[PDB]
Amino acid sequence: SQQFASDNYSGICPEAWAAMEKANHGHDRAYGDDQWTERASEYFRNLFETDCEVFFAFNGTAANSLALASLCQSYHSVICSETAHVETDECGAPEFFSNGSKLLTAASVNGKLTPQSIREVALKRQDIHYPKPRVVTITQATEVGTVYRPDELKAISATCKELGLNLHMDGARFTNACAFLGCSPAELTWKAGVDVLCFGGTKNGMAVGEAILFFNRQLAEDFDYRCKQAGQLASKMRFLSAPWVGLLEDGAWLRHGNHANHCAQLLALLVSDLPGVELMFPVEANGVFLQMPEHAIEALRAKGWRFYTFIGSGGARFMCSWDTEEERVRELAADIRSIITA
């Protein structure tokens, strides 16, 4: 019995595990200076069609927090959404890594920032009493399962230029957004004005690690020193970089993302039209956000269905992963149908 709590509970996929076994034969130089790390970096430059600089941190909390700290001073501020992971789920790590850059929440719409909600935040305060906004962060796919599209990104970068702002992307679930859309990685990042991407691996079948991709190379000066000082330098770096070889060499990363997307779409197809069940947001990645009644405690007691419930408390989230079985999706949907109609 697997569950729908989160894609952090999934295991290592076979291509990641296979890269790791290959990387475990021999001795190799530490701290980045190895063949596996240069191969993964080469793959990243080709995938994104650019000479991006590539770094590897241990988890997404540190990767986001480092990236942002490199994009502005402690006396500047960072514009994010209200559901942003850097605002809700990192126990104040950005502020620790930045030595006090304020996160200013902007209004959002479908989990997404807009040009107007940014400007409303930035321009309310170019006075020294306020840390001057200098960075926008967006999550792709968002924390509520939605996806910024290329033109929405460009509109946001446009505001970032009117206002002086760098643009960071938390791509913890970037794959899900690439699977969903036709796009190439480049059209979803630097072609649309993205300065830096944090590209999640852990959630897409890896044991540990995130990649950080600087598309403006002037912003990446000495980033390796920052990472070391912040305790984010793997000595046995191949075991962070090798799985990215596995996942990128013939498109497995994007297959695993389509799978997880298809499971969540299937779940929503099966349940979103029942009575008393409202889809909170369109299913554009691997999550399903349902308003339901006291049937959550029934779906919860009635078999250990494991899933997250909001403090909104008339609301539940189901997350699908690369290793989710369609049959389990149908079984979950069936139990939801039973519990509502009966």
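We number the residues from 1 along the sequence you see.
Of the two segments examined, 42-50 and 304-312, it is 304-312 that shows the higher average Cα temperature factor in the deposited entry. Here the stretch with the larger average CA B-factor, out of 178-186 and 236-244, is 178-186.
The entry lists C-alpha B-factors for 288, 66, 57, 292, and the highest of these is at 292.
Sort the chain's modelled residues by C-alpha temperature factor and residue 277 lands in the middle third, per the entry. Annotation for residue 213: C-alpha temperature factor in the lowest third relative to the rest of the modelled chain, per the entry. Placement of the Cα temperature factor of residue 151 within the chain: highest third of the modelled residues, per the deposited record. The entry lists a Cα temperature factor for residue 126 that places it in the highest third of the chain's modelled residues. Among the modelled residues of the chain, residue 158 sits in the highest third by CA temperature factor in this PDB entry.
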